[PDB]
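Enquirer: My structure is below; once you've seen it, I'll send some questions.
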Amino acid sequence: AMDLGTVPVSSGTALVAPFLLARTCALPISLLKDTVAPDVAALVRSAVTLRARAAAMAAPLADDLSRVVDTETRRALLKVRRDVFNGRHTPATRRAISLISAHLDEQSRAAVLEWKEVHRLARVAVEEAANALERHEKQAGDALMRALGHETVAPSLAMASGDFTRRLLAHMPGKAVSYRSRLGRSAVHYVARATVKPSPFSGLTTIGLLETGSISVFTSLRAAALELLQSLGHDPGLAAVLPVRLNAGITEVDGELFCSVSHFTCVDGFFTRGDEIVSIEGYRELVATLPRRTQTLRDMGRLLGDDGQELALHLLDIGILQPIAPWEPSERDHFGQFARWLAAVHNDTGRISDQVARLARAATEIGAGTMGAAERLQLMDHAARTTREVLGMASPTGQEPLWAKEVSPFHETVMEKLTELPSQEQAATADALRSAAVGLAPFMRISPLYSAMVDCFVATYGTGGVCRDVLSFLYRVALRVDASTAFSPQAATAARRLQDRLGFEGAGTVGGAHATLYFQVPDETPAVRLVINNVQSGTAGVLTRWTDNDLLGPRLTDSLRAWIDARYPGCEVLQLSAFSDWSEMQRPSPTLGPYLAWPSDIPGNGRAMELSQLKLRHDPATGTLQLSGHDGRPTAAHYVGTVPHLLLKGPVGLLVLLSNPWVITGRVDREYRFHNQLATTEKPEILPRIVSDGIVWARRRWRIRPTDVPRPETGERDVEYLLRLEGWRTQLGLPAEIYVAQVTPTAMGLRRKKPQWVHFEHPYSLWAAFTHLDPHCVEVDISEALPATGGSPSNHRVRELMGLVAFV
């Protein structure tokens, strides 16, 4: 794939949504910038400059030394030419210099004295550098710890790293923390996340709304509530009251019965669900015996006859029966709903309700008011333990899942009211986003898999045909359209052909091509206007989770609903998501409009539209598939999940593609491609900034091997290591402020880890980034910090912005 920003643009325009979301670091930059050591840096620079000036004086001097003379004077001359090569100056060197300096021409005597004066000067800069470094180590590590103690930040850390928070609360102010210690390396990482690197996973940012005091929004873990809900049927107490229903994901393809079987999983705290389309033809007679409306598990077992209870439980375990969850898809307090339901319907049956009630009380408490780091850490530890206990207890396997041992029981988002922008700055930012959108338009293509779905639909239902079981068709595409035919060159040709016909504005169910831009603007050749951090096709789903609160929720609800409706003119837009039965990060919004439930999802409490109430029709005029609801109402399914929809596999992702078939074909920020291959290039890869009209699509980057990075030798002086870092970074050409990303291999190619802030006048960030490289790291990807922070005022808080653009 090509690099974004590399195609010149001579046509096109774009609309910009009239609002921005801002993710602002919790602390001002000064809390990090005050821990720079500019005195250590200046001394190091001096020592490097002086040591290099003497190295350069060596060759002209060792020739001037010979440029004969008497013996002993000759013997001393050799010793001086000896030590001149080795950059030495021991007392036995200084005496030899005194032996000869009398017998030296004017030129060479001045050379020998200038060489010894520069050496001495370097020897003093180093020791003064080491003294300053020693003083900085007594002060800067403790300051970093104090910064993280601020009440703006410490309770967020208690959510994020429970174990580092213990270290923080157990730290006496003034007690030195070395840049060599693990605590010092961790401190500069958290302070950087709180001051210069806004990011969604740190918890050290706020979310606010801008046009063109602060609250906490909390969510409990949906997977823990769903896991417990699935277990309930295995207790005979609860099976008499647990409502269950026949899986709506059951339907026929070519007369054979199929089911989407859910594989609920957790990989490194990331909750997703794999969908496996599986034949259940043998269960047909059983499925036909069960009614389609909700009943208790116990009631279902009565309907089934001999061994009916055992059999109903088997159907529940494999998902042909599914429990009804006592919460709605948008719920943020799962165990509060779960405890309310348990109370309304009344051994292990009782202990389970008590654990649920304990979980429900932690949710009420954490949302009740401010808590210090210590209270927060105690509620979190307690909720996590209760969670582990009730899952193991209700499990028929006796054990709790592995992910329960290391996943937080709550998650927090901080919303903040922001000072609006001056109207001039609003206009200037909208113009830059418009320029960015014009430069992104050439990489917006219709996905070839969309054209393959149209062919499958026409092959199945005919031109202008109508499908009345949309689920059955989505299963058919997942069962019968493989990768080689979905991304064949015919597919791509058809997709390019469809785009020429359709245009960017889409048609009906097919919304207009749009994108979410994540970017930063300088505070402080054309000037930098805007720096791109990420780009996504469509409206980022995380925006819908921010509609559900008192601070910015109502204003964002109205702006977001207007923006999304404008993308599907003449359609009723339904909210659609992927596995929100498992992940609260995938939940729809309560305020934005009707929700379309995916049939294979475990169902919940509120009202949703059903996919079975919709039809799909081939529209020959436009070459699209059109979704329609009641009486043919034109319908769009707008994706609101946080997971990027192009990572979705299976029929869910195919339905999402029907309303957003638009994909971005350019590389974002020189990302590493998925193929497992061995690159060539050369040892130092220096990649220029990619920038057009002030839009910085790609930062300057430096790609090197781990062995190219100076690592401390055993018994090396600290100050000597800084001299190596300074000489290395200047030969490579690094600016004062950079980000360092370790690249490690995956099965799906090379992958950047999270970037580490480095300042070359900041000993803590240098040690934290360059001394303990991951053994699996095979490449170090360094980028310029941009916008740099050195030029910004001290009290300012760094933020990343989110904008929305629509192409025309």
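The chains in the structure tokens are called A, B, ... from first to last as shown; in each chain the residues are counted from 1, and the ligands are counted from 1 in the order shown.
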Please list as JSON, numbers by chain every residue within 12 Å of residue 318 (chain A), counting only C-alpha atoms and excluding residues in the same chain fewer than 6 positions away.
Expert: {"A": [230, 246, 247, 259, 260, 261, 262, 263, 278, 280, 283, 311, 312]}
Enquirer: Hey, can you spit out that residue selection with N, CA and C atoms as a compact mmCIF listing (two decimals), in the first residue's frame?
Expert:
# COMPACT_ATOMS: atom_id res chain seq x y z
N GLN A 230 -24.41 -16.80 31.66
CA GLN A 230 -24.40 -18.10 30.98
C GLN A 230 -24.32 -19.26 31.98
N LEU A 246 -34.91 -19.04 21.97
CA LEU A 246 -34.29 -19.66 20.82
C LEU A 246 -33.40 -18.66 20.08
N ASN A 247 -32.16 -19.05 19.80
CA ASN A 247 -31.19 -18.18 19.13
C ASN A 247 -31.74 -17.66 17.81
N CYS A 259 -26.29 -22.04 12.32
CA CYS A 259 -26.21 -21.22 13.50
C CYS A 259 -24.87 -20.49 13.51
N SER A 260 -24.87 -19.24 13.99
CA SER A 260 -23.62 -18.58 14.35
C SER A 260 -23.26 -18.98 15.78
N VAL A 261 -22.14 -19.69 15.94
CA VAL A 261 -21.67 -20.10 17.25
C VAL A 261 -20.66 -19.06 17.73
N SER A 262 -20.92 -18.50 18.92
CA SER A 262 -20.09 -17.45 19.50
C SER A 262 -18.89 -18.04 20.23
N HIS A 263 -17.71 -17.50 19.96
CA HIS A 263 -16.48 -17.82 20.71
C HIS A 263 -16.03 -16.54 21.43
N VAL A 278 -22.00 -22.51 11.60
CA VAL A 278 -21.96 -23.96 11.83
C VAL A 278 -23.31 -24.57 11.48
N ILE A 280 -26.38 -26.93 11.89
CA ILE A 280 -27.06 -27.62 12.98
C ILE A 280 -28.25 -28.40 12.43
N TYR A 283 -30.11 -30.80 14.63
CA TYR A 283 -30.93 -30.26 15.71
C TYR A 283 -32.28 -29.75 15.23
N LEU A 311 -31.77 -31.76 28.45
CA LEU A 311 -31.63 -31.39 27.05
C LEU A 311 -31.69 -29.88 26.86
N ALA A 312 -32.62 -29.22 27.56
CA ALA A 312 -32.68 -27.76 27.55
C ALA A 312 -31.36 -27.15 28.00
Enquirer: Which residues of region 425-525 of chain A have any atom within 7 Å of an atom in region 641-661 of chain A when counting only C-alpha atoms, and what is the closest pair of atoms for each, with the distance in Å to one decimal? Order the rows by chain and rising number and write it as CSV.
Expert:
residue,atom,partner,partner_atom,distance
A:446,CA,A:661,CA,5.5
A:447,CA,A:661,CA,5.6
A:450,CA,A:661,CA,6.2
A:474,CA,A:651,CA,5.1
A:475,CA,A:651,CA,6.0
A:478,CA,A:650,CA,5.8
A:509,CA,A:659,CA,5.3
A:510,CA,A:659,CA,4.4
A:511,CA,A:659,CA,5.5
Enquirer: Do a neighbour search on residue 9 (chain A) at 9 Å with only C-alpha atoms, toss out local chain neighbours closer than 3 positions, and write the hits as a PyMOL selection string.
Expert: chain A and resi 12+438-439+441-442
Enquirer: With C-alpha atoms kept, could you save the residues just selected as a PDB file, in the first residue's frame?
Expert:
ATOM      1  CA  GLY A  12     -12.565  17.539  -5.108  1.00  0.00           C
ATOM      2  CA  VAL A 438      -8.967  16.519  -0.031  1.00  0.00           C
ATOM      3  CA  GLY A 439      -5.564  14.826   0.203  1.00  0.00           C
ATOM      4  CA  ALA A 441      -9.844  11.348  -1.009  1.00  0.00           C
ATOM      5  CA  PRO A 442      -7.621   9.471  -3.558  1.00  0.00           C
TER       6      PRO A 442
END
Enquirer: Using only C-alpha atoms, which of the listed residues (A:169, A:444, A:780, A:805) sits closest to residue 503 (chain A)?
Expert: A:444
Enquirer: Extract, using only C-alpha atoms, all DNA, RNA and protein residues at most 12 Å from residue 774 (chain A), discarding same-chain residues fewer than 6 positions from it, and format them as a VMD selection string.
Expert: chain A and resid 706 741 to 745 752 to 753 768 780
Enquirer: Counting only C-alpha atoms, figure out which residue out of A:177, A:65, A:449, A:573 gets nearest to residue 493 (chain A).
Expert: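 For residue 493 (chain A), the nearest of the candidates is A:449.
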Enquirer: Between CA of residue 621 (chain A) and CA of residue 448 (chain A), what is the distance in Å, rounded to a tenth?
Expert: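 CA of residue 448 (chain A) lies at a distance of 19.0 Å from CA of residue 621 (chain A).
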Enquirer: Mind checking which residues fall within 8 Å of region 90-101 of chain A, counting only C-alpha atoms, ignoring those fewer than 4 positions away in the same chain, and posting them as a PyMOL selection string?
Expert: chain A and resi 73+76-77+79-80+83+109+112
Enquirer: Export, as an mmCIF file, in the first residue's frame, the selected residues with N, CA and C atoms.
Expert:
data_model
loop_
_atom_site.group_PDB
_atom_site.id
_atom_site.type_symbol
_atom_site.label_atom_id
_atom_site.label_comp_id
_atom_site.auth_asym_id
_atom_site.auth_seq_id
_atom_site.Cartn_x
_atom_site.Cartn_y
_atom_site.Cartn_z
ATOM 1 N N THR A 73 65.187 12.909 24.494
ATOM 2 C CA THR A 73 64.212 13.779 23.836
ATOM 3 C C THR A 73 63.482 13.028 22.725
ATOM 4 N N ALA A 76 61.160 10.418 24.579
ATOM 5 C CA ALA A 76 59.939 11.041 25.080
ATOM 6 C C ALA A 76 58.994 11.403 23.940
ATOM 7 N N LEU A 77 59.541 11.851 22.800
ATOM 8 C CA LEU A 77 58.706 12.163 21.640
ATOM 9 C C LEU A 77 57.827 10.981 21.249
ATOM 10 N N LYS A 79 56.723 8.460 23.208
ATOM 11 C CA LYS A 79 55.673 8.316 24.217
ATOM 12 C C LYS A 79 54.548 9.322 23.995
ATOM 13 N N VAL A 80 54.889 10.553 23.598
ATOM 14 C CA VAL A 80 53.855 11.552 23.345
ATOM 15 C C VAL A 80 53.076 11.196 22.088
ATOM 16 N N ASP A 83 50.721 8.199 23.317
ATOM 17 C CA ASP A 83 49.522 8.603 24.047
ATOM 18 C C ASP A 83 48.635 9.556 23.253
ATOM 19 N N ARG A 109 54.759 23.330 19.183
ATOM 20 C CA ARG A 109 54.586 23.602 20.608
ATOM 21 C C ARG A 109 53.190 24.154 20.889
ATOM 22 N N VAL A 112 50.948 21.137 20.610
ATOM 23 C CA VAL A 112 50.986 20.218 21.743
ATOM 24 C C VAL A 112 50.314 20.842 22.960
#
Enquirer: With distances taken over only C-alpha atoms, which of A:375, A:740, A:359, A:195 is nearest to residue 777 (chain A)?
Expert: A:740
Enquirer: Within 8 Å of residue 760 (chain A), counting only C-alpha atoms, which residues show up once you throw out same-chain ones fewer than 3 positions away? Write them as JSON, numbers by chain, please.
Expert: {"A": [41, 726, 736, 737, 763, 766]}
Enquirer: Produce a file of the selected residues containing N, CA, C and O atoms, as a short mmCIF file (atom, residue, chain, number, x, y, z; two decimals), in the first residue's frame.
Expert:
data_model
loop_
_atom_site.label_atom_id
_atom_site.label_comp_id
_atom_site.auth_asym_id
_atom_site.auth_seq_id
_atom_site.Cartn_x
_atom_site.Cartn_y
_atom_site.Cartn_z
N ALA A 41 22.95 18.33 30.17
CA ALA A 41 23.05 18.27 28.72
C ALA A 41 24.17 19.17 28.20
O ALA A 41 24.99 18.74 27.37
N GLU A 726 24.64 11.13 23.18
CA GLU A 726 24.67 12.42 22.50
C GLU A 726 25.41 12.33 21.17
O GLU A 726 24.97 12.90 20.16
N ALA A 736 15.92 17.22 19.43
CA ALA A 736 15.96 17.12 20.89
C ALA A 736 14.81 16.28 21.45
O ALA A 736 14.98 15.62 22.48
N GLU A 737 13.65 16.28 20.79
CA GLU A 737 12.45 15.60 21.28
C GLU A 737 11.99 14.59 20.25
O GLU A 737 11.75 14.95 19.09
N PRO A 763 17.72 12.81 31.20
CA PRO A 763 18.32 11.50 31.53
C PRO A 763 17.34 10.39 31.89
O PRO A 763 17.61 9.21 31.61
N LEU A 766 15.88 8.93 28.71
CA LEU A 766 16.92 8.25 27.92
C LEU A 766 17.18 6.85 28.46
O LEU A 766 17.26 5.88 27.69
#
Enquirer: Work out how far apart CA of residue 313 (chain A) and CA of residue 299 (chain A) are and give it in Å to one decimal.
Expert: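 Here the two named atoms are 11.4 Å from each other.
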Enquirer: When you draw a straight line from CA of residue 161 (chain A) to CA of residue 137 (chain A), how long is it in Å?
Expert: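 So the answer is 24.2 Å.
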Enquirer: So that I can check the secondary structure, give me every residue of region 406-586 of chain A assigned strand (DSSP E) by backbone DSSP, as a ChimeraX atom specification.
Expert: /A:410-416,444-446,466-467,514-520,530-537,572-576
Enquirer: Could you name the residues that touch residue 62 (chain A) at 9 Å or less, counting only C-alpha atoms, but leaving out those on the same chain fewer than 5 positions away, as a list in words?
Expert: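 Counting only C-alpha atoms, the residues come to residues 57, 67, 80, 81, 82, 84 and 85 of chain A.
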Enquirer: Could you check which of A:564, A:625, A:241, A:738 is closest to residue 463 (chain A), using only C-alpha atoms?
Expert: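 Using only C-alpha atoms, residue 463 (chain A) sits closest to A:625.
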Enquirer: List every residue of region 248-410 of chain A that DSSP, applied to the backbone, labels as alpha helix (DSSP H), and write the result as an MDAnalysis selection string.
Expert: chainID A and resid 284:289 297:303 308:317 334:345 348:366 373:394
